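I have placed the structure first, in the form of structure tokens, so that the comments after it can refer back to it.
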Amino acid sequence: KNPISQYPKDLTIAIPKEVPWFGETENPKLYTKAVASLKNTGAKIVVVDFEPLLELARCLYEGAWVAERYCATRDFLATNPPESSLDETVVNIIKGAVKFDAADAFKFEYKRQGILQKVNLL
Amino acid sequence: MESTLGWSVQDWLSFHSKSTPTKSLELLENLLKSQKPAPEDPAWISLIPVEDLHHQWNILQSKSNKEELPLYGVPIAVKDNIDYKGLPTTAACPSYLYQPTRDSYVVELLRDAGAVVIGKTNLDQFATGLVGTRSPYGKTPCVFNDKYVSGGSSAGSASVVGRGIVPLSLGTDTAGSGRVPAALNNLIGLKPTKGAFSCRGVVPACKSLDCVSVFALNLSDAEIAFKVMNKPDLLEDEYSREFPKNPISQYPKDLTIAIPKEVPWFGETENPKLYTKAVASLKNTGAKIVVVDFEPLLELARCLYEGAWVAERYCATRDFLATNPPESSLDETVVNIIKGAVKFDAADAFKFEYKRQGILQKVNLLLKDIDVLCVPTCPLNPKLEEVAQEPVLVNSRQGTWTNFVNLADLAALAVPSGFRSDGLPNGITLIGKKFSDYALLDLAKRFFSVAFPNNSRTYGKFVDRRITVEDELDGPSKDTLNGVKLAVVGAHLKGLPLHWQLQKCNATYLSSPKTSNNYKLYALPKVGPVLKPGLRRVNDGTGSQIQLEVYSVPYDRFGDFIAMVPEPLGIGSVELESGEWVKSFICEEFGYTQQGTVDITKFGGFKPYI
Amino acid sequence: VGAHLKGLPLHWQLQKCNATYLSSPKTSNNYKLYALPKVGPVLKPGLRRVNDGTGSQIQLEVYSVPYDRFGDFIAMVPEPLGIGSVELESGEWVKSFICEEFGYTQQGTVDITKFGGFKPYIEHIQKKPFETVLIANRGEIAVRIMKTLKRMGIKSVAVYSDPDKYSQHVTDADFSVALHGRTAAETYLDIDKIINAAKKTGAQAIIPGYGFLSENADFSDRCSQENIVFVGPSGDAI
Amino acid sequence: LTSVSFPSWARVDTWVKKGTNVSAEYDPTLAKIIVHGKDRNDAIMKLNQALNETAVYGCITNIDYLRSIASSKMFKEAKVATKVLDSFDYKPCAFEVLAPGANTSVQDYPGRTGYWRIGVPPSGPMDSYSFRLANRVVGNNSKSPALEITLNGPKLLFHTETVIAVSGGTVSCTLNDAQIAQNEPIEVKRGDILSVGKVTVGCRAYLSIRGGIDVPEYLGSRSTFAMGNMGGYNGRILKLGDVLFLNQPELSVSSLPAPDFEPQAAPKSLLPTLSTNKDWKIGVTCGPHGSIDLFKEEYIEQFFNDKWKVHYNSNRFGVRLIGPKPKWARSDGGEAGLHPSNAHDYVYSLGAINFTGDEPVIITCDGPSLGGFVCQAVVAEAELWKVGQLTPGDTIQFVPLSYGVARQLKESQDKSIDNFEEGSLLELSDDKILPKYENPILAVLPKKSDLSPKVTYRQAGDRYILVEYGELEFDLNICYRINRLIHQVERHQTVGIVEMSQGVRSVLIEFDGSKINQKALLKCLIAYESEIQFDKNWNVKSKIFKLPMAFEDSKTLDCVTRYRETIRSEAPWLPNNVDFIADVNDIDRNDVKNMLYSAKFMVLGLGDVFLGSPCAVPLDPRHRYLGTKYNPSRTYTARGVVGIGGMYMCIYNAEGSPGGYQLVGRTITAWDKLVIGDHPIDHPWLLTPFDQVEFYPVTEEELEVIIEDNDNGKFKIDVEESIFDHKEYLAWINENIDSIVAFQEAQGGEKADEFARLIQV
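Chains as they are written, first to last, in the UniProt record's numbering: chain S, 245 to 366; chain F, 1 to 610; chain P, 489 to 614, 621 to 732; chain H, 977 to 1737.
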């Protein structure tokens, strides 16, 4: 109950200390302009290290969350349905889950909780 | 000299105050000498050297406010599960042995509070079991009868406390290891809210579920230990979490205590008698006892057993197991359990996590209108030979009432209920929601005063000593408050008929000061069957000091309290004798300006007048 | 009823506590509204309920304040105010600001009920003589003149000798001009320097204090013949 | 103005605050105190409270005069006329200085304690026993302030009535010209002139006043530290014309402690025995450095066998001695300076006998703290009063004393003052004296690892144990370690420990022997030492100061000139100190001026020397130059002068301080007495250990501009809060290991050794 409905005219908006663009030259301009626009609403902008959050992000990728898709899709895959129904990039991503133990999954859940301690303080 | 067996924490502190730094060092040296390690006393994996006792004690003298250290020079045992830097850490596994260079955060806290560690204490290997038999260091017996099991996995710690070597010890509890041994040894076993005690420096074994735990002979000592170790440690323990402000300190006399609809005893006939009687006693404290189908909770327990949580233990030990250490170092029952984790992939771990979350939906719907569960601590008092015969099935049954607590983010306190015909003890565990640990303690206190009337309560093996003063509690310290300081003058005073409204909103008594010389007090025309005063700040000059009681009312709860406050009263500010301003009841001028209003200032307070 | 109304200066306190606007009803004719002695830079009303005949209807704004937040809100509510109950036009009772008797019984309290609300009254209340003003003085009078200037939103100009280069009045001012030298005659008394100082800083007026050029009629006349307003009497009167 | 407080509830129109310089030029208005009451009587009462509540110090004011008027029967009954004040009877509850005496200062006891780690000395009386007798004779609380008279006293006019006493040296004392007795409570009338003349026997005497003298505290104490213009009567010795206020309970609003006792002549067995013939035996505890790692055996014998003559350059900073020249166990002092008495700066003990080069001096109550030379022995707490009665030409002999005997004497003085009963004073006697000097080294812990070096515990006075890390060597890690040791005592909260003082590779630990004895503290320390855990990758909060400095300005050079014409006219570091640095290191003088403007100086400790004066070390090892400290030290150095002592750098925060470092240029003082500077520091000492100081070039005249601006808080000190990261520093060392090593291997040689030989003469 009582969901917030408005941030204060004062709110603290965080942006990343490091913004990788991977060669892209157009999009940075819009981002810059957008931050300017936020400042101009009266918001306070603070530049903040997003490392732990990107650390969290990689976990989704390197980690065992990929096993959630495998869990959701393996009974079907074992039927070996016609290759042409399947997209090969997807199925291979998903079959990557086989490389994870139960134990592995926990190991990564731990690391996730450790990052979240840092993120919730941040 | 003098016998030290079965001393409370307070007993120890009293000795230290009236003794000299040298004769109190001697008492601990003497205690240390009487203890034996290794297989001679199965309770101790290891004991400190005399040099280490000196080191700790020099460390201690070093402190300049001793007599403010709530565990000054108080000896304790710690499960060989938990790091103390003065001794090796083993997990009841000889080739797993390692030397920590640093204290458990938990140990470090107790030392900061003045305690001295005496030894590491034996346990089921890798803290896996509820029986206490699963150690190559020896099977620890029940403190009462050596034919019987001590309970596990915190076996050494119970034994040691149960016979009063040491008034407090540390264990760990994932699914019963700090509760079952309390019942079998006539102890208090406190299993705190998850993440309250740091697990930094304890060997992970079900990291996501695990808690550090405490054994004590009495409520008082369990409380002091809780206050000491209930401390955040967010950046070093991924499952640490800070206790919130304004923790509840007492359940209402009215509370809803749920008990299970079906209570399996598996053939056992004595223990049912203790349980029945214990339930009768709770009823007599004034509690509402409600009988409830524990289906969802048992589904949750089954999820633990069926699921991949074993992979947590495996995760913590597989690198080591692959070291292929000498077979004689291992307990085979433990190791076979742990290797059951190999048959579960990541996908499996998730499938069961899904099912667990689904069960919890049901569990949270069930608990919404319940304050506390009252559960038998364990169905059996297993014989040493009984668990030798059936080394798994006895274990399973001893977890009937313990396995769902941590999965459900609950807290728990295992507390004696008395003795069976054959002179063995058992008891009940009271299960509360997140952060109720202080109120559980108090509920035990209230349970005790009925179940053990006339100060008839035993502790540990000390079947012919009586609790006098040692089960009393301070409650949570003012440290923990965060509320509005509110002065009441009228019907909300202790003993009048709106005091309950303060208790409903979890208020805490602070003090009883008077206003400054600036106030009159009126009795208003009674309309309800309650008569009501109004305060008036005055300055012609002619005011008195009116009497007040001041309460801390939690910030998130003040809304609930003010909503009960009808015209013409209101909450404003008032000036105390000391000059501090403090929130308080006030009164619209219209209120005390009616026909029927009586100037009551004379009496200096509202009690005198009523 | 008061400074928490939309647009007034404690409204923010309602947004802090995640309040939500409901409506704008009036009390029944049972109240009287007093403007309390201003102390802070915030002016504050107090409501008073009467056993009649004489109360009127005052305008109110009504907010939903989470149960969860109400604590945070009342902690911002100082003596002599408080939260009690008020009766709306419709007969509903509702939590509201009230006021201790002591509150509206202070010197300076104004009976405001006529205006029917607190907004009306802060409008029936709501003129810069000079833009920048130079102080032909030092010490304590300079500091005191500058407090008024500041409060009036008038830019101030210090002048100082060399021993005074570190004095309060130099610090307090918006601008400052070193006169160079040590003695009274060398600096504060030197009309040419002073008038150049007011020139240099574009001061439309000079206020002299007491002592120094204060009762000096050549100086008053120099100001006039220079299009700088001497804050004082004419050179003739002097 | 030194402290300025006004009632916040009145209106006060003023232009002054703490810091303001009030001149005589224009008009002496300070403030106008304006009060608003319900009516005349309410306003008169309010005005009195306001006046009572007005504390302005640093100038003489008319506040007392105002108070008396505002209080009069006249003003209240409103019998006011344009004529009244012209015949108004104003009598100050106070005395007046008809003549000052050679060196008369307000002092109290124990003095300005709490801050030795900063280099704030206790000050207080130079002979504390007589001081406390004098107080007691008149029944003062022991915290009461009194006057220290040195060599000859003041004549004072008393404007009110009180009791008086004089104790200490033999001095003829006059009341309205009739001789008056020492150690007795003399009743003084009003119009009385008390006069105390020349001190015939001893150096100093003490004049107490029932109720004490009314002067504001600074840093906990009313004691005068003249060097620092701190405390006492406006930071200095008394002057002709001064007016000092008393504490008459009926005519006063004062925070001075009321007397405890009825006045009473001091029992005569409790009087101290001053020498009779300019010759004295003075008890000491051996240590810290009276050991053969530093001095030859026979010189230690000679130190205690021969007599020492008191040198004319003696005062409250310390009492200089003439006697046998030292034979040293080392050929030089390495990086801490070439002269073999030179030591990695460490904090000294009150009473220590400091060998500034080849001549020693007793560190007394206005004395230096963090210092760069070895100390042989330390006068026992309770023996220091003797040193306060030495006069030039006196002879002395240092008599070895056990820790326990030293406590006995001390406790006997406290019992003597507290009870005031015949026979309770113990004094030096042959059966109290050790047969032979003992070993000052209390215990040695062996080196264990790279971050856990050898530990040497040295006895350093009645009141302290000196803890020394490592070989005689600098190593940054040891500095963090000292910080950790300190942390272990706090964690541990030790009972009995008074103050721990950081030096370069050491820390000095002061204890209360009535709470913990020497042996006990030693063991706790040995034990906490093993609890210290840290790794090479440590970090610390570090403030970075960028400070303007004039290279070789006139006042710096003149400090050397004064030293040449007054003390030693040539030495290998003379006539120009920078040329010495340049020559002994084989570089150009402008290379030395380059390093000063490029090096990053890490503060290692404070009070080298006085008022938070830093001892710093360049963070770049290639910035560490050979050198030496003066032999003997200067008696005078200018405020803000920057020095180089061996490889260490200091800023002399105080004006007129003795000093031994090679003089190089001048900054601004890093001591802000009134905390008025424009910086974010909350106490007077601007620096903290692990802070960093960098110098930038200014002209002498540009520096005098900055200096005046900064004294009035109009100069913006460039300070940034940051973090020093040892793991980042280790990194940096590697990226320049080869440069560093090449610099190090090529530093000394035969040339430096000839210097070390010459320097030793």
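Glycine included, C-beta positions come from ideal geometry on N, C-alpha and C.
inquiry  = Once DSSP output is grouped into helix, strand and coil, what is the label at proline 376 of chain F?
reply    = strand
query = By Cβ distance, which residues of its chain are closer than 6 angstroms to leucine 1734 of chain H, with the 5 residues on each side in sequence left out?
reply = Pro1548
query = If contact means a Cβ-Cβ distance below 8 angstroms, which residues of the region 551-563 of chain P contact chain F?
reply = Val553, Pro554, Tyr555, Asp556, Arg557, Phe558, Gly559, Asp560, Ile562 and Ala563
query = Are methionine 1203 of chain H and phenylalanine 1586 of chain H touching if we call contact CB-CB under 8 angstroms?
reply = yes
query = Which runs of the beta strand (DSSP E), 3 residues or longer, sit entirely within the region 421-450 of chain F?
reply = 425-433
query = At a Cβ threshold of 8 angstroms, is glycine 543 of chain P touching chain H?
reply = no
inquiry  = Counting only beta-carbon separations shorter than 8 angstroms, does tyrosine 314 of chain S have a partner in chain F?
reply    = yes
query = So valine 1323 of chain H packs on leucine 1123 of chain H, CB below 8 angstroms; how close in whole Å?
reply = Not really, about 30 angstroms apart at Cβ, beyond 8 angstroms.
ask   = By the 10 Å Cβ neighbour count, where 16 or more other Cβ atoms means buried, how is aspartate 1564 of chain H classified, buried or exposed?
value = exposed
query = Do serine 421 of chain F and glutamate 268 of chain F have their C-beta atoms closer together than 8 angstroms?
reply = no
ask   = Among F:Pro416, F:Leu410 and F:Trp12, which has the Cα closest to the Cα of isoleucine 165 of chain F?
value = F:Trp12
query = Is the beta carbon of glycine 1581 of chain H sitting closer than 8 angstroms to the one on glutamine 1668 of chain H?
reply = no
message = Since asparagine 403 of chain F and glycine 176 of chain F should fall inside the 8 angstroms C-beta cutoff, what is the C-beta to C-beta distance between them, to a whole number of angstroms?
response = 7 angstroms
task = Quick one: give me the first and last residue of the alpha helix (DSSP H) that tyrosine 609 of chain P is part of.
result = 606-611
request  = For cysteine 505 of chain F, name the three-state secondary structure that DSSP assigns.
outcome  = coil
ask   = Cβ of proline 566 of chain P less than 8 angstroms from any chain F Cβ?
value = yes
query = So what does DSSP say about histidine 492 of chain P, is it helix, strand or coil?
reply = coil
query = Roughly how many angstroms separate the alpha carbons of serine 655 of chain P and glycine 675 of chain P, rounded to a whole number?
reply = 6 angstroms
ask   = For the alpha helix (DSSP H) that contains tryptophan 1284 of chain H, what are its first and last residues?
value = Element bounds for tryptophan 1284 of chain H: not the alpha helix (DSSP H) but the beta strand (DSSP E), 1284-1291.
request  = Starting from residue 1740 of chain H, follow its DSSP beta bridges and name the residues at the other end.
outcome  = Beyond the ends of chain H as shown, which are 977 and 1737, falls residue 1740 of chain H; an answer cannot be given.
ask   = If you measure from the beta carbon of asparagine 539 of chain P to each beta carbon in chain F, is any gap under 8 angstroms?
value = yes
ask   = Does the distance from the C-beta atom of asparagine 506 of chain P to that of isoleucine 248 of chain S stay below 8 angstroms?
value = yes
inquiry  = Looking at the strands, I want to know which residues DSSP matches up with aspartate 599 of chain F.
reply    = F:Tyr522
query = Does the beta-carbon distance from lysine 583 of chain F to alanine 444 of chain F come in below 8 angstroms?
reply = no
ask   = Taking Cβ-Cβ distances below 8 angstroms as the criterion, which residues of the region 176-196 of chain F are in contact with chain S?
value = none
ask   = Quick one: what does DSSP say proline 326 of chain S is sitting in, helix, strand or coil?
value = coil
request  = In the DSSP assignment, find the beta strand (DSSP E) that holds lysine 1703 of chain H and state where it starts and stops.
outcome  = That residue, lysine 1703 of chain H, is in no beta strand (DSSP E); its alpha helix (DSSP H) goes 1702-1710.
ask   = Distance, Cα to Cα, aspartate 1701 of chain H vs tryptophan 1708 of chain H?
value = 11 angstroms
task = Tell me whether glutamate 549 of chain P is buried or exposed, calling it buried when 16 or more other Cβ atoms sit within 10 Å of its Cβ.
result = buried
Test: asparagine 1253 of chain H CB closer than 8 angstroms to a CB of chain P = no
Cβ-Cβ distance between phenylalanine 561 of chain P and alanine 630 of chain P below 8 angstroms = no
key: Through-space distance from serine 1184 of chain H to residue 1738 of chain H, alpha-carbon basis   = This structure leaves residue 1738 of chain H out entirely; chain H is present only between 977 and 1737.
task = Closer than 9 angstroms by beta-carbon distance: list the chain P residues that pair up with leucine 569 of chain F, in chain order.
result = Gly572 and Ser573
inquiry  = Using 8 angstroms as the threshold, is the C-beta distance between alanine 1526 of chain H and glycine 1641 of chain H below it?
reply    = yes
key: Within chain F, the residues that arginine 302 of chain S reaches when beta carbons sit closer than 9 angstroms   = Near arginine 302 of chain S there are no residues of chain F at all, since even the closest Cβ is about 17 angstroms away, more than 9 angstroms.
request  = Please confirm if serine 1633 of chain H has its CB atom under 8 angstroms from at least one CB of chain P.
outcome  = no
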